[PDB]
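Asker: let me see the structure of the following:
(14 chains)
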Amino acid sequence: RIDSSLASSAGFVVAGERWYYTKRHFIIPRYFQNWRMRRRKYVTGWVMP
Amino acid sequence: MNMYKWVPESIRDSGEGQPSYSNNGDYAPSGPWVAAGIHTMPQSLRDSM
Amino acid sequence: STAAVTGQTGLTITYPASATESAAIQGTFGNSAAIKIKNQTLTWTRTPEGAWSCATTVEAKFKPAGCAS
Amino acid sequence: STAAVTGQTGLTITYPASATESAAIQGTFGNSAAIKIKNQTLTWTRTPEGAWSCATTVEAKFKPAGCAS
Amino acid sequence: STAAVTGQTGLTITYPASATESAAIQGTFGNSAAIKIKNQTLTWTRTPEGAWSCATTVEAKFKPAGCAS
Amino acid sequence: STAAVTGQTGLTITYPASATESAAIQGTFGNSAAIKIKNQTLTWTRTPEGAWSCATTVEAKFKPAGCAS
Amino acid sequence: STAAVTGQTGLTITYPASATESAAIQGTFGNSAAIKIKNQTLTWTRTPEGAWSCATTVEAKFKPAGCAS
Amino acid sequence: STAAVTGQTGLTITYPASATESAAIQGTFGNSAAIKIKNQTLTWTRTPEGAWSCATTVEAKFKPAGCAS
Amino acid sequence: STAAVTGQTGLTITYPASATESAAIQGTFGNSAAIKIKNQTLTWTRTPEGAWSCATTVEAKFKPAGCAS
Amino acid sequence: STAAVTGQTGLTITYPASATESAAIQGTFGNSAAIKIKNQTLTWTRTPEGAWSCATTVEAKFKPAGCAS
Amino acid sequence: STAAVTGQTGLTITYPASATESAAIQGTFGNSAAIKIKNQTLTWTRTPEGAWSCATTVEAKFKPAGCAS
Amino acid sequence: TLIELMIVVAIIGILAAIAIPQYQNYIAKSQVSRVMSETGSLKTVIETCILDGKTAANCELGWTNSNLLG
Amino acid sequence: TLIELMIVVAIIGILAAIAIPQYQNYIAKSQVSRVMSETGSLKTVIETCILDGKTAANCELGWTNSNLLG
Amino acid sequence: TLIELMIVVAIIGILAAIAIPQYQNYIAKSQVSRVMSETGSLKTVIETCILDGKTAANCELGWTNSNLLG
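Answerer: Numbers count the residues shown, from 1 in each chain, chains lettered A, B, ... in the order given. I have put the structure below:
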């Protein structure tokens, strides 16, 4: 979950950490952890075309 | 070469988002807040981010 | 007293039907309650992820610290 | 009961009929299983060479280390 | 909510990545705390050998019997 | 009304902002008060420890038993 | 996997090349293993006469009766 | 002071002997109680299913909100 | 002690003397058991085929998940 | 303010040291007390059993119903 | 912490060095314990056959149902 | 004032009427749960004796008396 | 005193506000752990059946119905 | 009822101060035993290979990947 920032701040109204998607309610990307992500191991090798 | 790499397009809206309604009822960065359910945000903004 | 129908008309239980529903226990004041809160509601919402939290529609001053949203 | 048909509806056995066909034992959660993990399946698949492994579709935090994909 | 990052500001966790470093759960009072205890801290000390201990920076009187050292 | 702002100009309360200062409730006589005691004050101060005491600037004869300096 | 090379890097096989040297099956913990014994090894040594015995680098409290040498 | 007999005769304990009978804890006013309620009794009964309820013979205008029955 | 006779009066063992009769391990509550379930029974029955199952005479409220029969 | 050393001389604490001694909290009147009860004392004693009782040397007509002993 | 040498003075372990003598785990209250039970002891004894039982030296009202003997 | 003491008495009465959440169900399920483990703990003894062919008296039960008589 | 009774109200407010440790994650893990042991026990009979070459209908399964639907 | 809520807090404080057993040895001892079985199971393969005279490369190993890396 980790991160939710580096998103589209458009629409949100930034008040410090607060991003007011409404006049009354806000969000904090630091803890807006609705985002599950994924990472994988990768074995790689450089190639010459 | 083993290499941990993040996996894009495998992320999901897990629903952990907890938007907060500032009890001040305005864009004040301070003041008490009401951590609400993820239902209060437009899904379009969620998809954009 | 069962979850579907309880023994008190002021107590209602929201029983989830699948893995995506959010449980809620709602209690409407009355009888011996104050006149001001004769029809207010106190709800404990349970997110499907396993998070319990409280909410109520009554004044913020009258909310306790735990149910202070 | 048998590999072809079992006495339980939620238990299915994928019995191979050839030397190059794998074997799988899959069970689907239900009845007294958790509502959150309901209808999910955990399968123990067997390679034709005799290697046994476990796989499941339950959430990452609910997967035991012995069946982690 | 993971060990690396938590959903609350007041809680931080030192995850032991080796066999020679200790684990600790740090919870810092705040939000709705008592004014005297706006900034005190208590930790759950987990020794690498398997021992759990508790310590606090609060005054002596506020210390419960389980965290007197 | 509120600790920060009150509905009567004759009542003031000093609300602490940290743990190293004291609280106080102060009230000044007026209107229906006697002319001799028209402009002194009676204060209820709370120490950082949390101890409540009463003090007043009125003459010794007008002081109650519990507010004897 | 074979004796010369195995499919697990934590599993090591020391196959003798003559009739005078000894064989060894050495296995190194990790991944799902405990943090304290994350880098320890358990090895099975076989004397040229055909006798099997075990040794381990873990602490005494974790050594079983089999390898408590 | 046991359930069979109390320290004072003004408090009585009805201890159930089987699972199909209800218990009762009855207390009678007196001594330093009001003269007009010198012989009234306050009793607590427990249903066999495990429900506790209160009853008393005092007039309605003296009854608390919890024993208005 | 033995299957023929046990060391506790509330524990009884039904041993199968042949291949066409079932076995029963019946335990009767009491002593420190609750008064409501003082005289109920819980039993393990095993078919001659070797299949074990649970049965009890207690109410459905008190029945565990594995003995809902 | 501790049990061993009270803040004022008018209050004395009998802190038992073993399981056979009794705790007592004695408060001697004075200062702003009435001249007649200037040297009277009031004590709260606790038996090792865990029972609290009240005793006072003030006149019978000044004894409330709480400490009618 | 060994059976012969434990890490706490309030814990006593009797290790059977022969097949005919019993094992016992003795724990004496104190320090943070209640003053009434300041010097009492609670013991767990094991017969050489492998049967465990609990004995306690506190009063019967302090004895739970498990160590009521 | 008399009104301030009446608030205290009413709060005490309000507190004294807290609902009791039927604690019988919780312990009874747990008490059966402990007995549930005891009865199943002897299955291994019985299953081996039946398969080994021991008689009822020839089967040694490692049973310790339970305070719940189960 | 009113100050004493108000404090008791706050304590109940504080005490009842304890955080839930999300026991749903704890329970679900055990059920999965239980199931895989049951399905793990079916490996030996299937392995022995395959190594003998018997058909699926001929492979006798000593499976017992599980309350979690296996 | 100020004194009553103290017993509630005191019991919780006592219960929160329960001695947590050192469970680390249990898992580590059990984990090595799983390696004990896994490592010793290849002795038959190793012993058969040595007695037949095959080399390290000629010794077929029916090893399965272990989550503990042992």
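Asker: would you mind measuring from residue B:8 to residue F:41?
Answerer: Taking CB to CB, to the nearest Å as the measure, residue B:8 and residue F:41 are separated by 69 Å. Any C-beta I mention is one placed from the backbone N, CA and C, and that applies to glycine too.
Asker: which one's more surrounded, those two?
Answerer: residue F:41 (14 against 9; other CB atoms under 10 Å in any protein chain shown).
Asker: look up phi and psi at that one.
Answerer: Per-residue torsions, residue F:41: phi -130, psi 150 (degrees, to the nearest 10).
Asker: what sits against it?
Answerer: F:26, F:27, F:28, F:29, F:56, F:57 (CB atoms under 8 Å, 6 or more residues apart in numbering or on different chains).
Asker: nearest residue to the residue nearest in space to the middle of chain B in space, ignoring adjacent ones along the chain?
Answerer: Taking CA atoms, centre = their mean, the centroid of chain B lies closest to residue B:17, which sits 4.3 Å from it. Nearest non-adjacent residue to residue B:17, counting by CB to CB, 6 or more residues apart in numbering or on different chains: residue A:34, 3.3 Å away.
Asker: residues touching the one you found, list them.
Answerer: Residue A:34 neighbours (CB under 8 Å, 6+ apart): A:1, A:4, B:13, B:14, B:15, B:16, B:17, B:38, B:46.
Asker: dump those residues into CSV; add distance to residue K:14 and secondary structure as well.
Answerer: Rendered in CSV, the data for these read as follows (distance: CB to CB, whole Å; DSSP: H, G, I helix; E, B strand; the rest coil):
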residue, distance to residue K:14, secondary structure
A:1, 52, coil
A:4, 59, coil
B:13, 61, strand
B:14, 55, coil
B:15, 56, coil
B:16, 53, coil
B:17, 59, coil
B:38, 60, helix
B:46, 66, helix
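Asker: closest one of the residues you listed to residue N:10?
Answerer: Here the nearest of the contacts of residue A:34 to residue N:10, counting by CB to CB, is residue B:16; it sits at 36.6 Å.
Asker: could you find the closest non-adjacent residue to that closest one?
Answerer: Leaving aside its sequence neighbours, residue B:16 is closest to residue A:33 (4.2 Å, by CB to CB, 6+ apart).
Asker: quick one: secondary structure of that neighbour?
Answerer: Put simply, residue A:33 is coil when judged by DSSP: H, G, I helix; E, B strand; the rest coil.
Asker: now do residue C:55
Answerer: What three-state DSSP gives for residue C:55 is strand.
Asker: that one contacts residue C:43, doesn't it?
Answerer: Yes - the pair residue C:55 / residue C:43 is scored as a contact, 5.2 Å apart, by CB atoms under 8 Å.
Asker: please name the nearest non-neighbouring residue to residue C:7.
Answerer: Closest residue in space to residue C:7, ignoring its immediate chain neighbours: residue C:1 at 4.5 Å, by CB to CB, 6+ apart.
Asker: likewise residue C:37?
Answerer: residue C:29 is the one closest to residue C:37 (CB to CB, 6+ apart), at 4.7 Å.
Asker: these two touch, right, the one you found and residue C:42?
Answerer: Yes - in this structure, residue C:29 is within contact of residue C:42 by CB under 8 Å, at 7.4 Å.
Asker: so what touches stretch L:23-30?
Answerer: H:49, H:50, I:34, I:36, I:37, I:58, I:61, I:62, I:63, I:64.
Asker: just the helices in chain L please.
Answerer: Applying DSSP state H to chain L gives helices spanning L:2-16, L:23-41, L:43-52.
Asker: so how many other residues sit close to residue 46?
Answerer: By default, I'm working from chain A. Residue A:46: 5 neighbours (other CB under 10 Å).
Asker: actually chain C
Answerer: Around residue C:46 there are 18 residues (other CB under 10 Å).
Asker: do the same with residue B:11
Answerer: Burial measure for residue B:11: 12 neighbouring residues, criterion other CB under 10 Å.
Asker: spit out the contact partners of it.
Answerer: By CB under 8 Å, 6+ apart, residue B:11 lies in contact with A:35, A:36, A:37, A:38.
Asker: next one: it from residue B:49, what distance?
Answerer: 11 Å.
Asker: which stretches in chain C count as strands?
Answerer: With DSSP state E as the criterion, chain C has strands at C:11-14, C:23-28, C:41-46, C:52-56.
Asker: out of the ones you listed, which gets nearest to residue D:7?
Answerer: strand C:23-28 (34.1 Å).
Asker: list the pairing partners of the closest one within its sheet, with orientation.
Answerer: The pairing partners recorded for strand C:23-28 under DSSP bridges are strand C:11-14 (antiparallel), strand C:41-46 (antiparallel).
Asker: and the ones you listed, which is most packed in?
Answerer: strand C:41-46 (a mean of 17; mean count of other CB atoms under 10 Å in any protein chain shown).
Asker: for that strand, C-alpha coordinates in CSV please.
Answerer: This file holds the C-alpha atoms of strand C:41-46, laid out as CSV (Å, rounded to 0.1, in the frame of the first residue of the first chain):
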residue,chain,number,x,y,z
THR,C,41,-28.8,7.5,15.7
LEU,C,42,-25.4,6.0,16.7
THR,C,43,-23.8,3.7,14.2
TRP,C,44,-20.7,1.5,14.4
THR,C,45,-19.5,0.9,10.8
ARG,C,46,-17.3,-2.1,9.9
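Asker: ok, whichever residue of chain B sits closest to chain D - how many residues close by?
Answerer: Chain B approaches chain D most closely through residue B:14 (9.5 Å), counting by CB to the nearest CB. By the measure other CB under 10 Å, the count of residues near residue B:14 is 15.
Asker: pull the contacting residues for the residue nearest to it when sequence neighbours are not counted.
Answerer: Distances taken as CB to CB, 6+ apart put residue A:36 closest to residue B:14, at 4.0 Å, once the chain neighbours are dropped. Residues near residue A:36 by CB under 8 Å, 6+ apart: A:1, B:11, B:12, B:13, B:14, B:16.
Asker: for burial, what's the neighbour tally of residue 48?
Answerer: Reading this off chain A. The number of residues packed near residue A:48 is 3, by other CB under 10 Å.
Asker: switch to chain B, that's the one I care about
Answerer: Considering only other CB under 10 Å, residue B:48 is surrounded by 11 other residues.
Asker: my read: it touches residue A:8, true?
Answerer: Yes - judged on CB under 8 Å, residue B:48 makes contact with residue A:8 at a distance of 4.6 Å.
Asker: got a list of what residue L:63 touches?
Answerer: I:1, I:6, I:7, I:8, I:11, L:42.
Asker: so how far is residue B:6 from the closest residue in space to residue L:15 that isn't next to it in sequence?
Answerer: In this structure, residue L:15 finds its nearest non-sequential neighbour in residue N:1, 6.1 Å apart by CB to CB, 6+ apart. Using CB to CB, residue N:1 is found at 56 Å from residue B:6.
Asker: those two: which is more packed in?
Answerer: Counted by other CB under 10 Å, residue N:1 and residue B:6 do not tie: residue N:1 has more neighbours, with 14 against 10.
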